[PDB]
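Let me begin by presenting the structure, written as structure tokens, before commenting on it.
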Amino acid sequence: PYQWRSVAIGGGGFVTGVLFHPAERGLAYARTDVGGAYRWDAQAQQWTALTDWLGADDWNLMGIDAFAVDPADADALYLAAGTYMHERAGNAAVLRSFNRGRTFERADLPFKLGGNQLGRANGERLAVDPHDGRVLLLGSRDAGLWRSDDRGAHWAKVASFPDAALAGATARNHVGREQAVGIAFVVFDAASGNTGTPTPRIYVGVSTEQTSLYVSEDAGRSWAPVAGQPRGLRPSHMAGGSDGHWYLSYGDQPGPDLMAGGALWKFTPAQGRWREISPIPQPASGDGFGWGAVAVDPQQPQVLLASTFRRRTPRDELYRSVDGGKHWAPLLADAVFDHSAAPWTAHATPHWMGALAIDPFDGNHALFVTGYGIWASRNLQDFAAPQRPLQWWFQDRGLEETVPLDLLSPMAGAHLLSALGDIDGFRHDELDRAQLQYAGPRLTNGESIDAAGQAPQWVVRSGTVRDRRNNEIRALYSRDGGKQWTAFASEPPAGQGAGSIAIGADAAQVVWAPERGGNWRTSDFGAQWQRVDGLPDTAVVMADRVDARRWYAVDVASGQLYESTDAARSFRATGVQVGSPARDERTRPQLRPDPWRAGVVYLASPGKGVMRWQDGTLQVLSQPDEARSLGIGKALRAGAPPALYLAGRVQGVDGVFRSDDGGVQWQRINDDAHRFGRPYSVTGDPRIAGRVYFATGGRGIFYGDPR
Ligand SMILES: OC[C@H]1O[C@@H](O)[C@H](O)[C@@H](O)[C@@H]1O[C@@H]1O[C@H](CO[C@H]2OC[C@@H](O)[C@H](O)[C@H]2O)[C@@H](O)[C@H](O)[C@H]1O
Ligand code: NA
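According to full-length UniProt numbering, the residues represented by the sequence shown are 45 to 751, in order.
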């Protein structure tokens, strides 16, 4: 019923795997940690998202922990889907397609996977037997090795593979939490097999400092450690093999967090020989770096690519060898990058290169992943610097992977301003063209953003600064609609940045609630702060859009509604229960004052449905099964109530909805193919009737219009 379009950013997240199909030129796939999988469509020159049909119940399948194609069947595609292994996350599943991801069938697995956990960029854990495509293997993170003999429709544990093989296959992430990393890859040795019969020789890499490489000679019936293997580091990839030489990348951690050592090994099983072939050595002192990935040219078995990982001396490098590891050349330092597709990438640095792949039909064409998208070479074989430099382009059309944290559609200015994880955000001058990030000071996360209802040129945002060590001020304000920004003169005396921020209708007052700090009021952008009187620290404050004297608050811990009529100096408890907010990416109360009427507020919560607060009264407008995220925009007809938009569950069905009768009746405006999991930050456009924006937890921002 609506047409949904991506807000153009360009990648923006960590692509954890890339894969060419050797049976068809121009066919490739990508997997991501938070945002599903993609098929490169040579005819449209774009990546096509393959898992937007995931509904709200299946948000955890957006993390793609592994993927595989059948070398003998260009139509087959297999995804190992599962994002977290913690208690609130469901079991994993193999999604199988026999039309390149157009449709999927689902095999539920009895264990969980780690699509957005440590080791997510190790691969590939899922593999198809290259001589009998009926057979697949899947390495789990904490449940051993699993096998299918019916093209992934049913799975059973490989009883002969010991669970103890995964001993020590855990690690701490950046915030201290232990995670099950388990198996890093499963590799068939195709040279060992013949068409029609299961491949006899199979390698299994385990992300552990103990024995990390296992091999079977009898199609998985028995298992042994590979003789002579190095120990103490964790393998992440195993490539090559067709000429009898295998290439394995190692780090001192599973990745992507915290790598500070590693190695690159060449393994020649016929000679029982192991040779360290790392392009550059580890530092004698100070932090080292890992080898994030290795790949072999499908047409040229002695041609290798290998990436450093978390090299900060000075930055990461990608190396090429054409003689099996004997000599290497650096690639990126002398290369040219085209940022015209995503201008903001000119200020990014290639990093987190945990996956590489070379086009099996054109050795000139190689992909490497970063923590912000894919780069693609044009002339990897043919370049000669400086007159003919290696050329990289941002092959990311159709691929959108940001996790927005807040969205703003102001009464004037750009139609959308975003607050995004990792890359701060944008003033979206054009929704269909990628932009530069906000001018002025640079935040890590953009967490909260707001604009004055009656003076929309005044914008404020807050967020994080990763590895903050120089007292960076984490709230910023603009007076020209987000074109230029200035930091607040100080932070309030309590809290740790981020949180939620709001600005009154005439731009004279800002209320900022830093993380764990409670609410603080300023009338001079942080020159001075006062604690807001009469609110618990867990309250979130929103401004009226019309009357600068009016503000509102919902205590997230209790669901109680508070009200201010003194420009947010103080708040009274209204006596009214509006419900606690749905847990989302950022648990935030859904309180939306009427852009056109002072003192009219629309609210939503899972517990109470959709409500209107006006004239000291709460009216329940409707009671959907779960009202999660509420937005307000221009009425479709003049004189009619403002349009309301809802992401949630109505009559057992999840989706995104619009009400035209003031929130009493809802109509579904997306369809099952465009559910994107659990959309949030539903945001109307006060200037465009029918327009709605919403965030997704790894597929970026979308906007829709009727028809
Ligand atoms: O700015 C890019 C890169 O800089 C490194 O110095 C930093 O350590 C790294 O986090 C950054 O890479 C991004 O990391 C985030 C996830 O960040 C979180 O997990 C890893 C920790 O190292 C971080 O401290 C923590 O904030 C990814 O979402 C991005 O895709 C990736 O670019
Ligand atoms: Na906001």
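Just so you know, even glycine gets a beta-carbon here, dropped at the ideal spot from N, CA and C.
Here residue 315 carries a helix assignment [DSSP, helix/strand/coil]. Here the alpha carbons of residue 719 and residue 402 stand approximately 33 Å from one another.
Annotation for residue 454: 461, 495, 500, 503, 525, 730 place their beta carbon closer than 8 Å to its own, counting only its chain and skipping 5 residues before and after. Take residue 97, set aside five residues on each side of it, and the residues of its chain with a beta-carbon closer than 7 Å to its own are 716, 717, 719, in chain order.
Residue 433 counts as exposed, since fewer than 16 other beta carbons sit within 10 angstroms of its beta carbon. For residue 560, no beta strand (DSSP E) encloses it, and the DSSP letter there is neither H nor E.
Here residue 450 is buried: its Cβ has 16 or more other Cβ atoms, across all protein chains shown, within 10 Å. Cβ-Cβ distances below 8 Å link residue 656 to 644, 645, 646, 647, 662, 663, 665, 706, 707 in the same chain, with the five nearest sequence neighbours on each side left out; the list follows chain order. C-alpha of residue 195 to C-alpha of residue 140: approximately 8 Å in a straight line.
Distance from the CA of residue 620 to the CA of residue 543, rounded to the nearest whole angstrom, comes to 24 Å. If you look at residue 586, you'll find it in the beta strand (DSSP E) that goes 583-587.
Between residue 332 and residue 369, the C-beta spacing is not below 8 Å.
Excluding sequence positions up to five before and after residue 557, its CB lies within less than 6 Å of the CB of 543, 544, 563, all in the same chain and listed in chain order. If you check the CB distance, residue 487 and residue 509 come in under 8 Å. Your pair residue 48 and residue 714 checks out as a contact, with CB atoms roughly 7 Å apart and the cut at 8 Å. At the C-beta level, residue 162 and residue 215 come within 8 Å of one another. Taking non-hydrogen atoms of ligand 1 into account, the C-beta of residue 300 is found less than 7 Å away from one of them.
Bounds of any beta strand (DSSP E) do not take in residue 641, whose DSSP letter is neither H nor E.
Counting C-beta atoms within 10 angstroms of its own C-beta, residue 683 has fewer than 16 neighbours from the protein chains shown and is therefore classed as exposed. For residue 388, there is no enclosing beta strand (DSSP E), as DSSP gives it neither H nor E. Between residue 624 and residue 578, the beta carbon gap of about 20 Å keeps them out of contact (Cβ cut-off 8 Å). Per DSSP, the unbroken beta strand (DSSP E) holding residue 503 starts and ends at 503-507. The beta carbons of residue 743 and residue 54 sit no closer together than 8 Å. In this structure residue 700 touches residue 726 by the C-beta definition: roughly 7 Å separates them, less than 8 Å.
When beta bridges are read from the DSSP output, residue 600 appears opposite no residue. Look at which beta carbons fall closer than 6 Å to any heavy atom of ligand 2; those residues are 450, 452, 492, 493, 494. Taking 8 Å as the upper bound for CB-CB distance, residue 122 and residue 170 are in contact here, some 6 Å apart. Each residue's CA atom was taken as its position, placing residue 535 and residue 71 some 51 Å apart.
Using a Cβ distance threshold of 8 Å, residue 388 and residue 467 count as a contacting pair. By DSSP's assignment, residue 381 forms a beta bridge with 436.
Straight through space, the alpha carbons of residue 261 and residue 237 are spaced by roughly 11 Å. In terms of side-chain proximity, the C-beta atom of residue 391 is found no nearer than 7 Å to any non-hydrogen atom of ligand 1. Between the C-alpha atoms of residue 723 and residue 691 there is a straight-line separation of about 6 Å. Per DSSP, reduced to three states, the secondary structure at residue 103 is helical. Around ligand 1, the residues whose beta-carbon falls short of 6 Å from at least one of its heavy atoms are 57, 58, 218, 301, 395, 396, 415, 416, 466, 510, given in chain order. Between the segment 407-415 and the segment 53-67 there are three or more inter-stretch CB-CB distances shorter than 8 Å, so the stretches are counted as touching.
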